[PDB]
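One file, upload.cif, is given below (mmCIF, C-alpha atoms).
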```
data_upload
#
loop_
_atom_site.group_PDB
_atom_site.id
_atom_site.type_symbol
_atom_site.label_atom_id
_atom_site.label_comp_id
_atom_site.auth_asym_id
_atom_site.auth_seq_id
_atom_site.Cartn_x
_atom_site.Cartn_y
_atom_site.Cartn_z
ATOM 1 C CA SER A 1 120.671 99.900 150.449
ATOM 2 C CA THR A 2 117.588 97.874 151.325
ATOM 3 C CA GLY A 3 114.397 98.251 153.336
ATOM 4 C CA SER A 4 112.014 95.762 154.975
ATOM 5 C CA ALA A 5 108.648 96.617 156.541
ATOM 6 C CA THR A 6 105.808 94.545 157.942
ATOM 7 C CA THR A 7 102.393 95.103 156.388
ATOM 8 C CA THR A 8 99.279 94.352 158.454
ATOM 9 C CA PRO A 9 95.659 93.771 157.461
ATOM 10 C CA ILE A 10 93.347 96.581 158.619
ATOM 11 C CA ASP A 11 90.543 94.207 159.597
ATOM 12 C CA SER A 12 89.477 90.587 159.851
ATOM 13 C CA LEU A 13 88.669 90.375 156.109
ATOM 14 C CA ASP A 14 92.031 91.660 154.790
ATOM 15 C CA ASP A 15 90.172 94.576 153.162
ATOM 16 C CA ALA A 16 93.514 96.397 152.878
ATOM 17 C CA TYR A 17 97.005 96.354 154.389
ATOM 18 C CA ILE A 18 98.830 99.138 156.223
ATOM 19 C CA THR A 19 102.570 99.625 156.482
ATOM 20 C CA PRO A 20 104.299 102.077 158.859
ATOM 21 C CA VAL A 21 106.153 104.931 157.145
ATOM 22 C CA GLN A 22 108.401 107.522 158.774
ATOM 23 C CA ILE A 23 107.919 111.067 157.401
ATOM 24 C CA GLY A 24 109.873 114.148 158.422
ATOM 25 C CA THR A 25 112.328 115.152 161.132
ATOM 26 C CA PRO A 26 111.728 114.147 163.878
ATOM 27 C CA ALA A 27 109.941 111.162 162.378
ATOM 28 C CA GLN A 28 106.174 111.193 162.146
ATOM 29 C CA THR A 29 104.976 107.621 161.678
ATOM 30 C CA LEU A 30 101.874 107.169 159.519
ATOM 31 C CA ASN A 31 100.282 103.874 158.461
ATOM 32 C CA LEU A 32 99.977 103.922 154.691
ATOM 33 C CA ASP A 33 98.259 101.713 152.137
ATOM 34 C CA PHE A 34 101.001 100.576 149.738
ATOM 35 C CA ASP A 35 99.333 100.643 146.331
ATOM 36 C CA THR A 36 100.964 99.189 143.214
ATOM 37 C CA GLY A 37 97.985 100.518 141.244
ATOM 38 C CA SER A 38 98.692 104.236 141.779
ATOM 39 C CA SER A 39 101.652 106.586 141.996
ATOM 40 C CA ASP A 40 100.906 109.269 144.594
ATOM 41 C CA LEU A 41 102.199 109.269 148.172
ATOM 42 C CA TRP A 42 99.526 111.263 149.987
ATOM 43 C CA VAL A 43 98.690 111.675 153.656
ATOM 44 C CA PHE A 44 96.113 112.955 156.057
ATOM 45 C CA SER A 45 97.626 116.143 157.410
ATOM 46 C CA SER A 46 97.237 119.239 159.515
ATOM 47 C CA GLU A 47 95.826 120.807 156.334
ATOM 48 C CA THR A 48 93.003 118.285 155.915
ATOM 49 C CA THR A 49 89.490 119.723 156.379
ATOM 50 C CA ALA A 50 88.801 118.982 160.052
ATOM 51 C CA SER A 51 85.340 117.489 159.440
ATOM 52 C CA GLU A 52 86.987 114.967 157.084
ATOM 53 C CA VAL A 53 89.426 113.603 159.670
ATOM 54 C CA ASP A 54 88.088 110.861 161.995
ATOM 55 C CA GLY A 55 90.779 109.037 163.923
ATOM 56 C CA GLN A 56 93.600 109.045 161.389
ATOM 57 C CA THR A 57 97.131 110.029 162.291
ATOM 58 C CA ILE A 58 98.109 113.245 160.523
ATOM 59 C CA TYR A 59 101.331 114.598 159.052
ATOM 60 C CA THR A 60 102.115 118.107 160.326
ATOM 61 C CA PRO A 61 104.757 119.595 158.017
ATOM 62 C CA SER A 62 105.306 122.654 160.257
ATOM 63 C CA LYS A 63 106.719 120.265 162.904
ATOM 64 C CA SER A 64 109.253 118.761 160.463
ATOM 65 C CA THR A 65 112.596 120.570 160.153
ATOM 66 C CA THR A 66 113.159 118.947 156.749
ATOM 67 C CA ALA A 67 109.749 119.706 155.213
ATOM 68 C CA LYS A 68 109.693 122.211 152.342
ATOM 69 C CA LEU A 69 106.592 123.436 150.516
ATOM 70 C CA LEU A 70 106.781 122.490 146.847
ATOM 71 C CA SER A 71 105.711 125.899 145.661
ATOM 72 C CA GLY A 72 102.726 125.990 143.329
ATOM 73 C CA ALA A 73 102.233 122.219 143.268
ATOM 74 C CA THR A 74 98.814 120.647 143.670
ATOM 75 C CA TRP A 75 97.449 117.136 143.297
ATOM 76 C CA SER A 76 94.075 115.506 142.808
ATOM 77 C CA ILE A 77 93.295 111.838 142.378
ATOM 78 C CA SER A 78 90.326 109.539 141.845
ATOM 79 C CA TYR A 79 90.444 105.809 142.418
ATOM 80 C CA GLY A 80 88.621 102.945 140.698
ATOM 81 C CA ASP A 81 86.296 102.541 143.684
ATOM 82 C CA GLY A 82 85.119 106.145 143.287
ATOM 83 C CA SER A 83 87.028 107.588 146.237
ATOM 84 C CA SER A 84 89.192 110.715 145.874
ATOM 85 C CA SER A 85 91.501 113.197 147.550
ATOM 86 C CA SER A 86 93.393 116.389 146.733
ATOM 87 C CA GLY A 87 95.745 118.967 148.188
ATOM 88 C CA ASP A 88 99.179 120.545 147.977
ATOM 89 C CA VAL A 89 102.703 119.148 148.174
ATOM 90 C CA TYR A 90 105.742 119.155 150.421
ATOM 91 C CA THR A 91 109.091 117.504 149.986
ATOM 92 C CA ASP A 92 110.440 115.691 153.026
ATOM 93 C CA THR A 93 112.476 112.735 154.218
ATOM 94 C CA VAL A 94 110.560 109.460 153.981
ATOM 95 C CA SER A 95 111.752 106.116 155.337
ATOM 96 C CA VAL A 96 110.233 102.659 154.890
ATOM 97 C CA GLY A 97 111.656 99.786 156.898
ATOM 98 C CA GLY A 98 115.087 101.406 157.246
ATOM 99 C CA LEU A 99 115.279 102.666 153.657
ATOM 100 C CA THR A 100 115.454 106.465 153.426
ATOM 101 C CA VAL A 101 114.610 108.835 150.566
ATOM 102 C CA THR A 102 115.330 112.538 150.902
ATOM 103 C CA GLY A 103 113.286 115.039 148.907
ATOM 104 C CA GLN A 104 110.297 112.732 148.502
ATOM 105 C CA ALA A 105 107.085 114.392 147.360
ATOM 106 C CA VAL A 106 104.625 114.073 150.241
ATOM 107 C CA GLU A 107 101.190 115.067 149.013
ATOM 108 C CA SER A 108 99.260 116.745 151.803
ATOM 109 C CA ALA A 109 95.497 116.261 151.705
ATOM 110 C CA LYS A 110 93.251 119.298 151.994
ATOM 111 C CA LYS A 111 90.216 117.220 151.018
ATOM 112 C CA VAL A 112 89.398 113.513 151.149
ATOM 113 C CA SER A 113 86.206 111.667 150.218
ATOM 114 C CA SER A 114 83.990 110.010 152.812
ATOM 115 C CA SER A 115 85.440 106.561 152.122
ATOM 116 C CA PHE A 116 88.815 107.701 153.462
ATOM 117 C CA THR A 117 87.355 109.629 156.400
ATOM 118 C CA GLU A 118 85.373 106.554 157.432
ATOM 119 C CA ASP A 119 88.457 104.352 157.479
ATOM 120 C CA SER A 120 90.308 105.317 160.656
ATOM 121 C CA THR A 121 93.104 102.795 160.051
ATOM 122 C CA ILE A 122 94.506 104.234 156.809
ATOM 123 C CA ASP A 123 96.509 107.482 157.143
ATOM 124 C CA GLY A 124 97.242 107.758 153.428
ATOM 125 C CA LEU A 125 98.531 105.920 150.360
ATOM 126 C CA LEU A 126 102.014 105.162 149.078
ATOM 127 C CA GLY A 127 101.904 104.568 145.343
ATOM 128 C CA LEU A 128 104.161 101.995 143.719
ATOM 129 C CA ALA A 129 102.905 102.035 140.116
ATOM 130 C CA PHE A 130 104.912 103.923 137.505
ATOM 131 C CA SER A 131 105.621 107.618 138.039
ATOM 132 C CA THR A 132 103.907 108.493 134.757
ATOM 133 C CA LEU A 133 100.594 108.171 136.688
ATOM 134 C CA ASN A 134 101.600 110.643 139.408
ATOM 135 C CA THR A 135 99.020 113.449 139.588
ATOM 136 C CA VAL A 136 101.143 116.356 140.863
ATOM 137 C CA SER A 137 100.804 119.465 138.701
ATOM 138 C CA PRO A 138 102.484 121.358 137.082
ATOM 139 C CA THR A 139 105.588 119.257 137.793
ATOM 140 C CA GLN A 140 104.934 115.524 138.001
ATOM 141 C CA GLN A 141 106.671 113.807 140.904
ATOM 142 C CA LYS A 142 108.399 110.459 141.343
ATOM 143 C CA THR A 143 107.263 107.566 143.516
ATOM 144 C CA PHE A 144 109.168 106.478 146.603
ATOM 145 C CA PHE A 145 110.455 103.412 144.693
ATOM 146 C CA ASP A 146 111.538 105.499 141.714
ATOM 147 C CA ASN A 147 113.464 107.845 144.015
ATOM 148 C CA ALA A 148 115.061 104.959 145.942
ATOM 149 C CA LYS A 149 115.899 102.806 142.929
ATOM 150 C CA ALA A 150 119.420 103.907 142.119
ATOM 151 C CA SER A 151 120.475 103.407 145.748
ATOM 152 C CA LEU A 152 118.945 99.951 146.090
ATOM 153 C CA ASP A 153 121.155 96.848 145.985
ATOM 154 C CA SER A 154 118.813 95.592 143.247
ATOM 155 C CA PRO A 155 116.079 97.691 141.557
ATOM 156 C CA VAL A 156 113.166 95.660 142.932
ATOM 157 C CA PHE A 157 110.562 95.527 145.620
ATOM 158 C CA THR A 158 108.552 92.531 146.745
ATOM 159 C CA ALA A 159 105.075 92.076 148.160
ATOM 160 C CA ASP A 160 104.413 89.185 150.511
ATOM 161 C CA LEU A 161 100.856 89.718 151.748
ATOM 162 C CA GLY A 162 99.423 87.501 154.463
ATOM 163 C CA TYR A 163 96.078 85.766 154.647
ATOM 164 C CA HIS A 164 94.492 86.972 157.869
ATOM 165 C CA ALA A 165 98.048 87.679 159.026
ATOM 166 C CA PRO A 166 100.880 90.180 158.673
ATOM 167 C CA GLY A 167 103.266 90.110 155.728
ATOM 168 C CA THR A 168 106.194 92.004 154.310
ATOM 169 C CA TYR A 169 107.242 94.616 151.785
ATOM 170 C CA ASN A 170 110.945 94.448 150.917
ATOM 171 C CA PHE A 171 112.922 96.980 148.897
ATOM 172 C CA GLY A 172 116.163 96.252 147.124
ATOM 173 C CA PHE A 173 116.448 92.491 147.647
ATOM 174 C CA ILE A 174 114.665 89.171 147.170
ATOM 175 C CA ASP A 175 114.304 87.137 150.370
ATOM 176 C CA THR A 176 114.927 83.603 149.106
ATOM 177 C CA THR A 177 113.554 82.116 152.356
ATOM 178 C CA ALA A 178 110.123 83.720 151.805
ATOM 179 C CA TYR A 179 108.877 81.433 149.017
ATOM 180 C CA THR A 180 108.879 77.815 147.873
ATOM 181 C CA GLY A 181 110.131 76.532 144.536
ATOM 182 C CA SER A 182 111.255 79.022 141.912
ATOM 183 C CA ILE A 183 110.095 82.509 140.938
ATOM 184 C CA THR A 184 108.500 82.650 137.465
ATOM 185 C CA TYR A 185 109.006 85.952 135.705
ATOM 186 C CA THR A 186 106.621 87.362 133.142
ATOM 187 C CA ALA A 187 106.598 90.427 130.853
ATOM 188 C CA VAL A 188 105.185 93.802 131.887
ATOM 189 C CA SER A 189 103.658 96.576 129.807
ATOM 190 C CA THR A 190 104.058 100.033 131.322
ATOM 191 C CA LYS A 191 101.954 101.661 128.588
ATOM 192 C CA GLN A 192 99.079 102.440 130.988
ATOM 193 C CA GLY A 193 101.407 103.168 133.923
ATOM 194 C CA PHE A 194 100.526 99.930 135.733
ATOM 195 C CA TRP A 195 102.284 96.685 136.498
ATOM 196 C CA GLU A 196 100.355 95.140 133.605
ATOM 197 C CA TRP A 197 100.955 91.521 132.613
ATOM 198 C CA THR A 198 99.248 88.565 130.920
ATOM 199 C CA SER A 199 98.211 85.480 132.859
ATOM 200 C CA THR A 200 98.299 82.249 130.862
ATOM 201 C CA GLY A 201 94.975 80.898 132.145
ATOM 202 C CA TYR A 202 93.002 79.511 135.059
ATOM 203 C CA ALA A 203 91.474 76.493 136.783
ATOM 204 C CA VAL A 204 88.521 76.187 139.169
ATOM 205 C CA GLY A 205 89.074 73.815 142.059
ATOM 206 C CA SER A 206 90.410 70.468 140.859
ATOM 207 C CA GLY A 207 89.205 71.234 137.340
ATOM 208 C CA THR A 208 91.297 71.230 134.197
ATOM 209 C CA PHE A 209 93.435 74.236 133.414
ATOM 210 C CA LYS A 210 92.082 76.501 130.688
ATOM 211 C CA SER A 211 94.840 78.069 128.603
ATOM 212 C CA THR A 212 93.758 81.587 127.773
ATOM 213 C CA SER A 213 95.498 84.977 127.898
ATOM 214 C CA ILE A 214 94.185 87.294 130.611
ATOM 215 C CA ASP A 215 95.678 90.816 130.566
ATOM 216 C CA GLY A 216 95.558 92.463 133.984
ATOM 217 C CA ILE A 217 97.366 94.524 136.616
ATOM 218 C CA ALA A 218 99.086 93.498 139.815
ATOM 219 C CA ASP A 219 97.425 95.870 142.268
ATOM 220 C CA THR A 220 98.089 95.680 146.025
ATOM 221 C CA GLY A 221 95.637 98.542 146.546
ATOM 222 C CA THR A 222 92.606 96.601 145.325
ATOM 223 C CA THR A 223 91.068 94.028 147.707
ATOM 224 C CA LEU A 224 89.507 91.538 145.323
ATOM 225 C CA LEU A 225 90.288 89.606 142.144
ATOM 226 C CA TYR A 226 88.498 91.086 139.120
ATOM 227 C CA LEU A 227 88.437 88.931 136.004
ATOM 228 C CA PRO A 228 86.411 88.566 132.783
ATOM 229 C CA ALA A 229 82.758 87.632 133.239
ATOM 230 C CA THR A 230 83.273 84.266 131.533
ATOM 231 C CA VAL A 231 85.973 83.277 134.037
ATOM 232 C CA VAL A 232 84.019 84.516 137.039
ATOM 233 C CA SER A 233 80.834 82.740 135.924
ATOM 234 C CA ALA A 234 82.801 79.498 135.554
ATOM 235 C CA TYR A 235 84.098 79.881 139.133
ATOM 236 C CA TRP A 236 80.805 80.657 140.879
ATOM 237 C CA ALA A 237 78.969 77.948 138.911
ATOM 238 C CA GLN A 238 80.868 75.495 141.150
ATOM 239 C CA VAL A 239 79.337 76.969 144.326
ATOM 240 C CA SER A 240 75.811 75.803 145.079
ATOM 241 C CA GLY A 241 73.486 78.738 145.534
ATOM 242 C CA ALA A 242 75.930 81.385 144.295
ATOM 243 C CA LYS A 243 74.490 84.202 142.222
ATOM 244 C CA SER A 244 75.252 87.626 140.875
ATOM 245 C CA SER A 245 73.245 90.212 142.818
ATOM 246 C CA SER A 246 72.798 93.645 141.239
ATOM 247 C CA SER A 247 71.439 94.911 144.567
ATOM 248 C CA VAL A 248 74.571 93.872 146.423
ATOM 249 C CA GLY A 249 76.884 94.690 143.511
ATOM 250 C CA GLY A 250 78.428 91.338 142.677
ATOM 251 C CA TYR A 251 78.526 87.617 143.298
ATOM 252 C CA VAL A 252 77.237 86.406 146.655
ATOM 253 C CA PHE A 253 77.093 82.880 147.988
ATOM 254 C CA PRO A 254 75.585 80.995 150.929
ATOM 255 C CA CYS A 255 77.806 81.429 153.954
ATOM 256 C CA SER A 256 77.374 77.656 154.553
ATOM 257 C CA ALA A 257 79.310 76.861 151.351
ATOM 258 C CA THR A 258 82.820 75.496 151.065
ATOM 259 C CA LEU A 259 84.557 77.452 148.316
ATOM 260 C CA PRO A 260 86.771 75.835 145.658
ATOM 261 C CA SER A 261 90.273 77.066 145.029
ATOM 262 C CA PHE A 262 91.130 79.213 142.027
ATOM 263 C CA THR A 263 94.352 78.742 140.071
ATOM 264 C CA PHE A 264 95.915 81.350 137.762
ATOM 265 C CA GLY A 265 98.787 80.847 135.334
ATOM 266 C CA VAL A 266 102.093 82.646 135.297
ATOM 267 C CA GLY A 267 103.871 81.360 132.220
ATOM 268 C CA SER A 268 104.031 77.604 132.712
ATOM 269 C CA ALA A 269 103.729 78.043 136.503
ATOM 270 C CA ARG A 270 100.553 77.990 138.595
ATOM 271 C CA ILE A 271 99.461 80.005 141.637
ATOM 272 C CA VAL A 272 96.690 78.465 143.744
ATOM 273 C CA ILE A 273 94.311 80.712 145.684
ATOM 274 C CA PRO A 274 92.711 78.594 148.443
ATOM 275 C CA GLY A 275 88.939 78.778 148.587
ATOM 276 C CA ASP A 276 88.999 80.404 152.045
ATOM 277 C CA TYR A 277 90.791 83.453 150.540
ATOM 278 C CA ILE A 278 87.714 84.077 148.356
ATOM 279 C CA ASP A 279 85.306 84.433 151.350
ATOM 280 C CA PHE A 280 84.643 88.063 152.318
ATOM 281 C CA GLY A 281 81.941 87.324 154.836
ATOM 282 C CA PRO A 282 78.361 88.367 155.355
ATOM 283 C CA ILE A 283 77.102 91.154 153.083
ATOM 284 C CA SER A 284 75.652 92.763 156.205
ATOM 285 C CA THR A 285 76.019 91.888 159.875
ATOM 286 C CA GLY A 286 74.117 88.696 160.650
ATOM 287 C CA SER A 287 73.381 87.838 157.022
ATOM 288 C CA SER A 288 73.765 84.289 155.720
ATOM 289 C CA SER A 289 74.653 85.681 152.280
ATOM 290 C CA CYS A 290 78.419 86.091 151.888
ATOM 291 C CA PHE A 291 80.354 88.293 149.477
ATOM 292 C CA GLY A 292 82.643 86.662 146.944
ATOM 293 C CA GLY A 293 86.318 87.529 146.515
ATOM 294 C CA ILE A 294 86.309 86.913 142.761
ATOM 295 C CA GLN A 295 84.211 89.429 140.840
ATOM 296 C CA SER A 296 83.629 90.480 137.228
ATOM 297 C CA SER A 297 85.861 93.161 135.698
ATOM 298 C CA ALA A 298 83.189 93.978 133.118
ATOM 299 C CA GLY A 299 82.700 97.734 133.255
ATOM 300 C CA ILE A 300 85.992 98.356 135.084
ATOM 301 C CA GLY A 301 87.788 98.217 131.763
ATOM 302 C CA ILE A 302 90.744 96.270 133.118
ATOM 303 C CA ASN A 303 91.310 92.964 134.917
ATOM 304 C CA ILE A 304 92.784 93.401 138.405
ATOM 305 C CA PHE A 305 94.906 90.888 140.271
ATOM 306 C CA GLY A 306 94.191 92.415 143.658
ATOM 307 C CA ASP A 307 95.031 91.197 147.166
ATOM 308 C CA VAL A 308 92.953 87.988 146.872
ATOM 309 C CA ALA A 309 95.352 86.832 144.165
ATOM 310 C CA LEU A 310 98.579 88.491 145.269
ATOM 311 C CA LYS A 311 98.403 87.214 148.861
ATOM 312 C CA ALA A 312 98.583 83.627 147.502
ATOM 313 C CA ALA A 313 102.056 84.428 146.118
ATOM 314 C CA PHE A 314 105.432 85.966 146.737
ATOM 315 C CA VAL A 315 105.468 88.756 144.148
ATOM 316 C CA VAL A 316 108.527 90.495 142.688
ATOM 317 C CA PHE A 317 108.092 93.939 141.188
ATOM 318 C CA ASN A 318 111.239 94.206 139.070
ATOM 319 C CA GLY A 319 112.013 97.818 138.156
ATOM 320 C CA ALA A 320 114.968 97.104 135.922
ATOM 321 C CA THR A 321 115.244 99.099 132.678
ATOM 322 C CA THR A 322 112.737 96.617 131.228
ATOM 323 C CA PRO A 323 110.338 95.917 134.100
ATOM 324 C CA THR A 324 109.015 92.410 134.796
ATOM 325 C CA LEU A 325 106.854 90.678 137.406
ATOM 326 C CA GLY A 326 107.783 87.511 139.262
ATOM 327 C CA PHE A 327 105.484 85.106 141.088
ATOM 328 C CA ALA A 328 106.335 82.239 143.404
ATOM 329 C CA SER A 329 104.249 79.969 145.603
ATOM 330 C CA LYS A 330 104.850 80.249 149.338
#
```

If you convert what's in this file into structure tokens, what do you get?
Amino acid sequence: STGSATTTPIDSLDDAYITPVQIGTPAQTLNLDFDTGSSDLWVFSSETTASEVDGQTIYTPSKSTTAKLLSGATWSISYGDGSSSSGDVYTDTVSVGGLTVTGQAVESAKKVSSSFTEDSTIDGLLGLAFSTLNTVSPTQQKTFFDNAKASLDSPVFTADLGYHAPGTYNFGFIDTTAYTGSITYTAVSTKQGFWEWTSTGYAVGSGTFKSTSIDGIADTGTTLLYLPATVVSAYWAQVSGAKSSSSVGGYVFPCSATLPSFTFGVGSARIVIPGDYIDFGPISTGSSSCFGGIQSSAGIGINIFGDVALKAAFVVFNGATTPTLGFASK
């Protein structure tokens, strides 16, 4: 089997991407944030504290003939940005782009933090990291990909995120028309439960490539590119007027600037992030200070190849017995 779904930016900055997901019988379609940095599929629901729902579409398990309470199971998660959610668990039929899993754990939110409430466009998350990170207790649950894997034509999914445009998540096959050149594959460590890999270096604009190992995770659920302070300093030093602002919480730059590209290494291959991808607009409405899309990972504890990086590539998440990551230009 295979699946193919379009993923759409939630706003004009590509702050996140939503993908339609069918849950239950008859189908209830919710727009979920596919997140390769976590491993819980959770949704706004009929159980969510009413004051914490503001415009989201909810899952109502009592209206699904295939929903079953997973007795005794609870979940609770906290994300790197400080947001959180928790609740109880159902199993139900879940389909993504024509690909169907029966008995998928659907984690029903009783509580969500303000960040989620305030984002009307995201109805929940669909985790695509390794199932070892899944927070369901006392019986840990498998991700949608893990459940689908054995049925897939090939044990892979791919992320093809658009810049200011829709893209695609495919399950079970590699669309050879979706990228240019060849796909370069690189080793993955699953030790922390992430799609963790090591980039071979970077360049700033038309500058020389610096060979240096950068360990980080491929994370579709994080907006920006978070890299070591040395790397980030080298980038923003090429932008006149750019500075790190503690009050804003990162690098800002004059909105009148033209940003240089940023290149990262995948083995001997190179992925180029155009400068425009690194512009996240005014820090506040009407400001001439703009927020940068490359930020320091210092104090996160991990480097994160988020959407800024991933959307410059066609990315293969290979879930073979020994997982790997593939990157191609597009």

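Distances here use only C-alpha atoms; by that measure, the residue among A:90, A:195, A:34, A:144 closest to residue 305 in chain A is A:195.
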
Spell out the residues picked by the PyMOL selection byres ((chain A and resi 321) around 12) here, as a PyMOL selection string.
chain A and resi 146+149-150+154-156+188+190+318-320+322-324

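Across A:35, A:123, A:52, A:11, the tightest approach to residue 306 in chain A is made by A:35 when counting all atoms listed in the file.
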
Once the PyMOL selection byres ((chain A and resi 125-131) around 8) has been applied to the shown file, what residues remain in the selection, as an MDAnalysis selection string?
chainID A and resid 32:43 122:124 132:134 140:146 190 193:195

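Going from CA of residue 63 in chain A to CA of residue 108 in chain A covers 13.8 Å.
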
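Between CA of residue 148 in chain A and CA of residue 217 in chain A the separation is 22.6 Å.
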
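Neighbouring residues of range 5-7 of chain A at 8 Å or closer, counting only C-alpha atoms and skipping chain neighbours under 3 positions away, are residues 17, 18, 19, 20, 96, 97, 161, 166, 167, 168, 169 and 170 of chain A.
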
Calculated over all atoms listed in the file, which of the candidates A:116, A:197, A:44, A:253 has the smallest distance to residue 78 in chain A?
A:116

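We find CA of residue 72 in chain A and CA of residue 101 in chain A to be spaced 22.1 Å apart.
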
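Residues selected in this file by the PyMOL selection byres ((chain A and resi 76) around 6) comprise residues 75, 77, 85 and 86 of chain A.
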
Could you check the closest approach to residue 106 in chain A for each of A:287, A:22, A:121, A:230 and tell me which residue wins, using all atoms listed in the file?
A:22

Could you work out an axis-aligned bounding box for all listed atoms of range 54-57 of chain A, with 6 Å added on each of the six sides, and give its centre and edge lengths in Å to one decimal, as lines of an AutoDock Vina configuration file?
```
center_x = 92.6
center_y = 109.9
center_z = 162.7
size_x = 21.0
size_y = 13.8
size_z = 14.5
```

Using all atoms listed in the file, can you tell me which of A:71, A:83, A:62, A:26 comes closest to residue 95 in chain A?
A:26

Range 66-69 of chain A environment, 8 Å, only C-alpha atoms, sequence neighbours closer than 3 positions dropped, as a ChimeraX atom specification:
/A:24-25,61-62,89-93

Take the residues just selected and output them with C-alpha atoms as a PDB file, in the coordinates of the input.
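Generated file (part_29.pdb):
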```pdb
ATOM      1  CA  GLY A  24     109.873 114.148 158.422  1.00  0.00           C
ATOM      2  CA  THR A  25     112.328 115.152 161.132  1.00  0.00           C
ATOM      3  CA  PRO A  61     104.757 119.595 158.017  1.00  0.00           C
ATOM      4  CA  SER A  62     105.306 122.654 160.257  1.00  0.00           C
ATOM      5  CA  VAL A  89     102.703 119.148 148.174  1.00  0.00           C
ATOM      6  CA  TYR A  90     105.742 119.155 150.421  1.00  0.00           C
ATOM      7  CA  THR A  91     109.091 117.504 149.986  1.00  0.00           C
ATOM      8  CA  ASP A  92     110.440 115.691 153.026  1.00  0.00           C
ATOM      9  CA  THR A  93     112.476 112.735 154.218  1.00  0.00           C
TER      10      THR A  93
END
```

I need every residue sitting at most 9 Å from the point (89.0, 72.7, 140.4) (coordinates as in the file, only C-alpha atoms considered), written as a list in words.
residues 203, 204, 205, 206, 207, 208, 209, 235, 238, 260, 261, 262 and 263 of chain A

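Between residue 325 in chain A and the residues A:236, A:185, A:277, A:79, the shortest atom-to-atom distance, using all atoms listed in the file, involves A:185.
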
Take the point (92.5, 79.2, 124.8) in the file's coordinates, draw a sphere of radius 12 Å around it, and report as a PyMOL selection string every protein, DNA or RNA residue with an atom inside or on it, counting all atoms listed in the file.
chain A and resi 199-202+209-214

Give me range 242-256 of chain A from this structure - N, CA and C atoms, as a PDB file, in the first residue's frame.
```pdb
ATOM      1  N   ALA A 242      22.544  43.026  11.244  1.00  0.00           N
ATOM      2  CA  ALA A 242      21.960  41.912  11.985  1.00  0.00           C
ATOM      3  C   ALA A 242      22.573  41.839  13.379  1.00  0.00           C
ATOM      4  N   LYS A 243      21.779  41.379  14.337  1.00  0.00           N
ATOM      5  CA  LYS A 243      22.220  41.307  15.710  1.00  0.00           C
ATOM      6  C   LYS A 243      21.389  40.299  16.473  1.00  0.00           C
ATOM      7  N   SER A 244      21.975  39.762  17.529  1.00  0.00           N
ATOM      8  CA  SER A 244      21.233  38.917  18.436  1.00  0.00           C
ATOM      9  C   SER A 244      20.588  39.797  19.496  1.00  0.00           C
ATOM     10  N   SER A 245      19.264  39.713  19.581  1.00  0.00           N
ATOM     11  CA  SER A 245      18.467  40.481  20.533  1.00  0.00           C
ATOM     12  C   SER A 245      17.910  39.580  21.636  1.00  0.00           C
ATOM     13  N   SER A 246      18.364  39.781  22.864  1.00  0.00           N
ATOM     14  CA  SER A 246      17.835  39.016  23.988  1.00  0.00           C
ATOM     15  C   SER A 246      16.361  39.366  24.221  1.00  0.00           C
ATOM     16  N   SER A 247      15.988  40.610  23.936  1.00  0.00           N
ATOM     17  CA  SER A 247      14.618  41.051  24.174  1.00  0.00           C
ATOM     18  C   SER A 247      13.657  40.393  23.193  1.00  0.00           C
ATOM     19  N   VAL A 248      14.111  40.175  21.969  1.00  0.00           N
ATOM     20  CA  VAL A 248      13.271  39.511  20.988  1.00  0.00           C
ATOM     21  C   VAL A 248      13.402  37.993  21.122  1.00  0.00           C
ATOM     22  N   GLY A 249      14.596  37.521  21.476  1.00  0.00           N
ATOM     23  CA  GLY A 249      14.821  36.101  21.672  1.00  0.00           C
ATOM     24  C   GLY A 249      15.526  35.432  20.508  1.00  0.00           C
ATOM     25  N   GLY A 250      16.385  36.185  19.832  1.00  0.00           N
ATOM     26  CA  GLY A 250      17.197  35.642  18.763  1.00  0.00           C
ATOM     27  C   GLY A 250      17.720  36.706  17.812  1.00  0.00           C
ATOM     28  N   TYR A 251      18.299  36.244  16.721  1.00  0.00           N
ATOM     29  CA  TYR A 251      18.818  37.120  15.692  1.00  0.00           C
ATOM     30  C   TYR A 251      17.694  37.817  14.940  1.00  0.00           C
ATOM     31  N   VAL A 252      17.862  39.137  14.802  1.00  0.00           N
ATOM     32  CA  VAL A 252      16.988  39.980  13.998  1.00  0.00           C
ATOM     33  C   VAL A 252      17.854  40.677  12.969  1.00  0.00           C
ATOM     34  N   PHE A 253      17.223  41.197  11.932  1.00  0.00           N
ATOM     35  CA  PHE A 253      17.957  41.879  10.886  1.00  0.00           C
ATOM     36  C   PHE A 253      17.068  42.944  10.250  1.00  0.00           C
ATOM     37  N   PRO A 254      17.689  43.955   9.626  1.00  0.00           N
ATOM     38  CA  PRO A 254      16.881  44.996   8.987  1.00  0.00           C
ATOM     39  C   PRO A 254      16.030  44.414   7.883  1.00  0.00           C
ATOM     40  N   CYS A 255      14.746  44.749   7.862  1.00  0.00           N
ATOM     41  CA  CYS A 255      13.876  44.175   6.850  1.00  0.00           C
ATOM     42  C   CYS A 255      14.291  44.609   5.429  1.00  0.00           C
ATOM     43  N   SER A 256      15.101  45.663   5.320  1.00  0.00           N
ATOM     44  CA  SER A 256      15.620  46.109   4.022  1.00  0.00           C
ATOM     45  C   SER A 256      16.782  45.259   3.482  1.00  0.00           C
TER      46      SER A 256
END
```
